[PDB]
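Examination of the molecular architecture
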Amino acid sequence: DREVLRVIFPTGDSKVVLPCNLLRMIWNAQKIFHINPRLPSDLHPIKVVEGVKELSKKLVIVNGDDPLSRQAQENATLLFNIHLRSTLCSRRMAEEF
Amino acid sequence: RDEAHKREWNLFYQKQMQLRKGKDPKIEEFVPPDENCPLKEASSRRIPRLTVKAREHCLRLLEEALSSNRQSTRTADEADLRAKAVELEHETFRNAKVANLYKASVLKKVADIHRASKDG
Amino acid sequence: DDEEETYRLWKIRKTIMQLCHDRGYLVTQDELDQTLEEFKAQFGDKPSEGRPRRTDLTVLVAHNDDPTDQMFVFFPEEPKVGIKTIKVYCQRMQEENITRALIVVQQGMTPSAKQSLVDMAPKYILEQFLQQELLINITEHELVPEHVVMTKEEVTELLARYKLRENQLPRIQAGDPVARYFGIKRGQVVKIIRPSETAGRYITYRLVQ
Amino acid sequence: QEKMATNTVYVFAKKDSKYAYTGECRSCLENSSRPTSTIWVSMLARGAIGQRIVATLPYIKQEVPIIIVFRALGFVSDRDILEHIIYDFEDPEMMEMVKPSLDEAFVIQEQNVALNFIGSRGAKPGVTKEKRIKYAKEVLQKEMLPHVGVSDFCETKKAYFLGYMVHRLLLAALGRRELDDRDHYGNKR
Amino acid sequence: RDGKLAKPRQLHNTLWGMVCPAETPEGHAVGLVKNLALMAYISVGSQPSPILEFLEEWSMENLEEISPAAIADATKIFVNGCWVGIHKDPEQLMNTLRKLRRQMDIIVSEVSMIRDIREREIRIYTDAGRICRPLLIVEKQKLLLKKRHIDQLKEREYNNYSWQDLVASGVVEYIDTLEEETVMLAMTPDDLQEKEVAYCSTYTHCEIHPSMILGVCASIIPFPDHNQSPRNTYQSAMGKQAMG
Amino acid sequence: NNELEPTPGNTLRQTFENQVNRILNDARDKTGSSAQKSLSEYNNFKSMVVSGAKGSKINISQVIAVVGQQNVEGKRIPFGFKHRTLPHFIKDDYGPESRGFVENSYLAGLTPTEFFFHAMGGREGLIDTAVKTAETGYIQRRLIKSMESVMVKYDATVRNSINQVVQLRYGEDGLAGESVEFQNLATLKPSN
Amino acid sequence: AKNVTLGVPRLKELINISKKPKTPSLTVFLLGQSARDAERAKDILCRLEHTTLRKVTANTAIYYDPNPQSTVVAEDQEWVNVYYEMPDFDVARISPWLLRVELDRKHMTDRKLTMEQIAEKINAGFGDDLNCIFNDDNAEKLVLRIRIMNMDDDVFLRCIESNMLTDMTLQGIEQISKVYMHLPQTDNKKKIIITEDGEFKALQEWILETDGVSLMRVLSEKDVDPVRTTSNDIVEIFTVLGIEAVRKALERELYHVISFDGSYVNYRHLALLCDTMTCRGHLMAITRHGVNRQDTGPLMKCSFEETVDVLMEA
Amino acid sequence: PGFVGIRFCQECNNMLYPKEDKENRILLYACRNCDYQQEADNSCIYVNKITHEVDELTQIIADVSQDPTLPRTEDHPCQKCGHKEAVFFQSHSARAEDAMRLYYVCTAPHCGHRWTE
DNA sequence: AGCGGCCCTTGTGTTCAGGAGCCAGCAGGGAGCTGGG
RNA sequence: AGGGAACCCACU
DNA sequence: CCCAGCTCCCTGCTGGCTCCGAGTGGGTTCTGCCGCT
Ligand SMILES: [Zn+2]
Ligand SMILES: [Zn+2]
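Residues numbered from 1 in each chain as written, not as in the entry; some residues may be left out. Chains lettered and ligands numbered in written order. Part of a larger assembly, values for the part shown. Heavy atoms only, no water.

Structure determination for this PDB entry is given in the record as cryo-EM, at a resolution of 2.8 Å.

The title given to this entry in the Protein Data Bank is "Structure of the transcribing Pol II-RECQL5 complex".

What follows is about the overall build of chain E. For chain E, the count of helices and strands is seven helices and ten strands. Expressed along its principal axes, the backbone C-alpha trace of chain E runs to roughly 65 × 55 × 45 Å. Taking the contacts inside chain E whose residues are at least 6 apart along the sequence as the reference set, 60% of them involve residues at least 24 apart. Here chain E contributes 27 positively and 34 negatively charged side chains, and the mean placements of these two sets differ by 5 Å. (Helix = DSSP H or I, 4+ residues; strand = E, 2+ residues; numbered from the N terminus. Contact = heavy atoms within 4.5 Å. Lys, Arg positive; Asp, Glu negative; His and termini not counted. Charge placed at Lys NZ, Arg CZ, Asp CG, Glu CD.)

All names here are of chain G. If you check helix α7 (residues 153-166), its first and last C-alpha atoms are 20 Å apart, about what 14 residues at 1.5 Å a residue would give, namely 20 Å. Most of α7 sits out of view: ten of its 14 residues are buried. Along α7, the positions that sit buried rather than exposed are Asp 153, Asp 154, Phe 156, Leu 157, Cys 159, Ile 160, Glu 161, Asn 163, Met 164 and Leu 165. Structurally, the start of α7 carries an N-cap: the backbone nitrogen of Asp 154 is 3.2 Å from a side-chain oxygen of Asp 152. (Expected span 1.5 Å × (residues − 1). Buried < 20%, exposed > 50% of the residue type's maximum accessible area, 1.4 Å probe, protein only. Polar contact = N/O pair within 3.5 Å; in protein donor to acceptor, adjacent residues only side chain to side chain.)

Residue and element names in this part refer to chain G. If you trace the four strands from one edge of the open sheet to the other, you get β8-β11-β1-β12, paired in antiparallel fashion. Of all the strands in the sheet, just β8 (179-182) and β12 (230-231) have a single pairing partner and so form its edges. The pairing of strand β1 (residues 26-29) with β12 spans two bridges and is antiparallel. What sits directly across from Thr 27, in β12, is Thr 230. Across the sheet, helix α3 (residues 38-48) touches β1, β8 and β11 (207-210), and the angle it forms with β8 is around 165°. (Pairing = 2+ DSSP bridges. Axes fitted to C-alpha atoms, helices over the stretch in contact; angles between N-to-C directions.)

A few words on the pairing of strand β4 (residues 82-87) of chain E. All names here are of chain E. In terms of residue burial, β4 counts as a mostly covered element, since six of its six residues are buried. By the bridge criterion, two bridges tie strand β2 (residues 61-62) to β4 in an arrangement that is antiparallel. Note on β4: the bridge partner recorded for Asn 62 is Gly 85. Between strand β3 (residues 75-79) and β4, which follow one another and run antiparallel, lie two residues, and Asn 80 among them has a positive phi close to 60°.

In the first shell of the zinc ion (ligand 1), the protein supplies H:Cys9 (SG) and H:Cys12 (SG), at 2.3 Å from the metal. Assessed through its relative accessible area of 19%, H:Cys12 is described here as buried. (Donors = N, O, S within 2.8 Å, 3.2 Å for Na, K, Ca; no water.)

All told, the structure shown has 31 aromatic pairs over all chains when counted by the stated rule. When the ring of B:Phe12 is compared with that of G:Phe156, the centres are 6.0 Å apart and the planes differ by 40°; the resulting orientation is tilted. Placement of the pair is B:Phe12 in helix α1 (residues 2-20) and G:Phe156 in helix α7, with the two residues belonging to separate chains. Under the relative-accessibility criterion, B:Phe12 is labelled partly exposed at 27%. Judged by relative accessible area, G:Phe156 falls into the buried class, the value being 0%. With a centroid separation of 5.3 Å and 20° between ring planes, the pair formed by E:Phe54 and E:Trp58 is classed as stacked. Judged by relative accessible area, which is 14%, E:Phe54 ranks as buried. Clustering of aromatic rings is evident, with ring pairs tying together D:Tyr87, D:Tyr160, D:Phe161, D:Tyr164, E:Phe78 and E:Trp83. Above the face of the D:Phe12 ring, D:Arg182 is positioned so that its terminal group lies 4.0 Å from the ring centre. Directly above the aromatic system of D:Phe106 lies the positively charged group of H:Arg32, at a separation of 5.7 Å from the ring centroid. (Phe/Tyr/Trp six-rings, centres within 6.5 Å; stacked < 30°, edge-to-face > 60°. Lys NZ or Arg CZ within 6 Å of the ring centre and 35° of its normal.)

What follows deals with the environment of H:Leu102. Residue and element names in this part refer to chain H. With respect to the helices and strands, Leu 102 occurs in strand β7 (residues 102-106). For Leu 102, a relative accessible area of 23% translates into the label partly exposed. A sequence separation of 55 residues divides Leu 102 from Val 47, and the C-alpha atoms of the two residues are 28 Å apart. For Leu 102, the contacting residues outside a window of four places in its chain are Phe 88, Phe 89, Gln 90, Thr 116 and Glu 117.

By contact count, the dominant pairing among the 15 pairs of chains in contact is that of chains E and F. Between chain B and chain C there is no contact, and the shortest C-alpha to C-alpha distance separating them is 10 Å.

Now for unusual backbone geometry. The omega angle of the peptide bond from C:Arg51 to C:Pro52 is 5°, so this bond is cis rather than trans. By secondary structure assignment, the location of C:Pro52 is in the loop between α3 (36-42) and β1 (59-62). A positive phi angle is found at F:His83, which is not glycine, with a value near 60°. On the basis of relative accessibility, which here comes to 14%, the residue F:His83 falls in the buried class. For F:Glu172, which is not a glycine, the phi torsion comes out positive at approximately 75°. Within the secondary structure, F:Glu172 is located in the loop between β5 (165-167) and β6 (181-184). With relative accessibility at 2%, the residue F:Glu172 sits in the buried group.

As structure tokens, then:
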């Protein structure tokens, strides 16, 4: 995804326009559930990766199981999926959020 | 627009040249160089309207320039004088493609050699 | 005037090789990655003197799908290409059982010659290129996105998937620089992949008209 | 109501046109139902050989070379016309600038021929040369520069003022005088 | 109003004193409809016959009598756009004409006389529609207006000393734009005072008051020089809509 | 004294004008910054500027510091008269006052020539408004009539009245514009 | 430096698909050493900007010279007799009318031109029928003597001069009137690369800004980047690169116009406008001509413009 | 060399054009509508000053010393008569890009000397 | 009583929103082909 | 049951 | 076996047509008449 992004944005501008404010959603989740950053968390990182995969499968812009619809769906949400994967990392979920 | 006016000039110029040009081009047959010609590629006709005798004269001027350079710097060998002059003439012919430009280049080389001799 | 012409010929040959490779013809890697020194070695270095001669640059390539399909790329010497040279090229193609050819002219081509090219389309598909156009590869410009030619099966799949009619797709002119580069005629559909700041990637289809 | 001042020579430049520089004078008599007669003296933009000065007169639908106009007024010799146009004979730049106009007008060497030429350009040229000359003379007497004079025997004053207009055009073309401003008050009444 | 060019609608430099800079409609007719300044006067016109008679009586040489060789070093003289002759001493001719106009012996106050020094033309205008304004005369860095003139003006109700007496005693002068191009105005008499580095020191006229450049509607604004100019234009537009 | 040499891409007059404009703009900026520094926390100009309710720092500078330079068509006040901006100056005066530099604040008040030059400056903007209105209005109508019938269809494509495909997905991603937000990609800039 | 049209005028130039923009320009990026050092950048600039003979000439003068052996100028006579050593030519085929052209040393050194190149261009444009002779550069003045080899010859030489000054090109491309050269101060024009450490870096490199548009010739030039070199004229982009290239370039120009003031408009609106303008394979101008040529319908068209004409055709 | 003037015929006062005597090969100035000829001396028949290096002092007239709107300086005395005051102005003429140069004219009524520094 | 007929004053006569982009028609130029020598 | 055309001024 | 017209296409200019922001509030003047059929 990093290589794909560097190809898409040849310059060094990382400001993009995307639907969901993932950082603010994580902040809201931290405030709602009283997350203590100073204690170990009970979130299995494999849980994080599996959840991200299922979520990515749940966000469809071009529906259809044929190869054309599959490729169009992958293209439509490519940038948002890259953002989601790089934000909902197992490592970031463990040591940052 | 500009190109149209340009070709306007072109048609005027060509008809004026024809008015100033003879009906038949009186082609003066190229003079074959004498076997004693020290000019490389003396039989070439690459440069139009250039005579072998003109090349011989240019090589003679190069010879005089080299002689002046030698007497100023006291060059030892003499055969080198002739070889260098012939090489210079052949190089000038190879580079230039028009008689007037050829003559100008030869004169420029002569001036360069003269200045070098003056420097010592 | 002598090295400049050799450089121009090398650039034209490199662009033609890239075009042929992009069209699906079998071109070796050395031909694509040929330097100016290699061009001066294989060919001449005094184009005005006649070495190399434009007749010496003629290149024949063969399609990967079937070796029978071959394409010429002729380099006429005359600045303006008339009917007689087109007739000579057509005679050579008929003798050699070739169907496609590319003509890279220097200054241009007569209107009658263009009409002749158009007339015999169903028999001999031969195209026309200005060497000023082939001095660079337009497909490498940052503005030009990735163009691909869709096979009839792929176009049928596309129309079935989107329930479209060919006249409902966006259009690309047959005289478009990229259309000429890929040699796509009317009725063919071209797929265009381009980056997108909103979606990441985007594929759009254009019908050649 | 604002209008542009009359009887004053204005030189404006319009490079998006056929004329590089264009003089202008809205000559109007002291009192007359006839509106102001506008005369132009314009220098052709480069692009034959030199730059030719033409004169656009009222009731003539084709621009005529200035030297033809000066000959129609009764000044045939080049010396007299240049005396009326170029006041300093030791300034060769103006002479070089005016040479093309003299070259343009060489076949027409007499007043009657010039009048016939001017009449031929008229709106309604007559098949008879006499009536064409009559029309041209009438136009020059009454329509060209009314403010200078409308009666007869005013040819010298007309020639002097037209030469002054040509001189102003030449000065503007040579860069010796700034072009007039259309928004400048004082050029307005 | 259809034309969208901004040049005719712009406030030209020459409108100074003649036309109000502020008052103008802000709609489609912005800059095309203007208003006179307070002291601006538009001339009504007069016959050039007395001026031509004086010039002929003067050293001026007719256009017909002269020879073309004499025009190179001579000064062309125009009267209402008619080249009437040439002269040899433009400076003293202009001095005489200015003296006559100030005395009003033969030239009325409305006549505007412009000498183009770089060129060699003297243009005399007696036409109508020439907007002008009155300016004080300065001779040698001193106003011609004195304390006695003000003393007489203070009693105009009794001694019948009006503005026409100022204009007739050569203390004030009507200047139009063409002639205003050739004058050297002092905004205030302070500019005539000696300075460590004199700016001009050759002033020819002085402003009666710089605030006379405004019109009827922009003349009621208090402290209009402390406001942004569009505000002054808007008030000029709104002073006509006030109820009184 | 012919001791000034033109800069690349410019002529001598352009270079001189650039130097003068640079000097005067720097002076205006410095005086404006000094004006900002002088203000107290109780100042109401600063109160309305800091909150963003109304006004800017340029307004404060003009009210307290110099008003600045008045330009007509992007250049200093032109020589409307013969080599003079007004009949109160000498011929060929390129100084700050002559060409329309206002050194007085609005509180101090403008001098007559400054008042006239500022009036010219304001007239420029008034005309600009009066003309831009119609030009932009025609442009807007033309755009609307060009694109009025394009809409999102039930197959999610964007098509015009003729039912021809304009976009296969709206915005190439098929999302409405009112719900997207600015965000930052965290994997683009970082080094390996 | 160079005036660039922006705002509503540029927007009108864009959506109208004007063929004659007020200020067309190119943005030429250089490839190799030309990008780093300014000398080779200046070389390329001179190779681009048009240069007619009138831009380097000091003054021309048409003399009458009966015998070239003895000319009317002492220095010219000396140099000519140095040149005229033999009857290497045909004496009969010579005209006595000389055209002496004095060039400008400053301009020639600025363009790195020489008498040899000018003589070459004169010969190419006029052929061998003329005769041009030039002195050495080390001389005090740059002088060229032109004659016609054998309507009068006088006016003929005058016309030859009046043409040579203007139409003849010594360097550059015809339609490029001026070419500025500068180092960009903003990362939008700087060369962005990804270092060996995988981090973005912005190299500063010389770029050229032309005043005309000859995009094809400029792109084909050596030492000119053909990947990043672009134009602000969209008709030229369409003619040279194509419909997708002009789509992207039109979007770029619209974004520049809109965001020059710092304002933001969502990308999808610009994308939709550009798609509508380029969906049919040609530049559909946002005008009566562009819009009413579509296959929309007479009632659709009549509401826009040309009501009665549209309905009469229908 | 400089710009070439124009000569007028002695019998008709019309412009004389350059021509060549074929047999003698000498430049003549011959009238076109008459049969008059004159001997040319300069031998230069045309001049074009592309640089336009015109000495603008030739375009200045001492009359400008009477202009009240021109600035006057006492630090640039005139060399001819030693007067201390002079009016200074600029080129203000087209065909001069480097037109910030100052030209001085003596204020003395009779001197009228024009110079440049 | 109502139709002829319109006055544009120069029947010959100044600008009836004027200028900017598209489209259409005319004349010129040249490529190529074909009937005579 | 009832109008219109033209022009001018002005407001946002 | 070339020469010189003639046909057919393409170029360039020149001439003509259409368009020129959205609403709103006031006001005044004018929408025939004159000769003799
Ligand atoms: Zn004679
Ligand atoms: Zn003196």
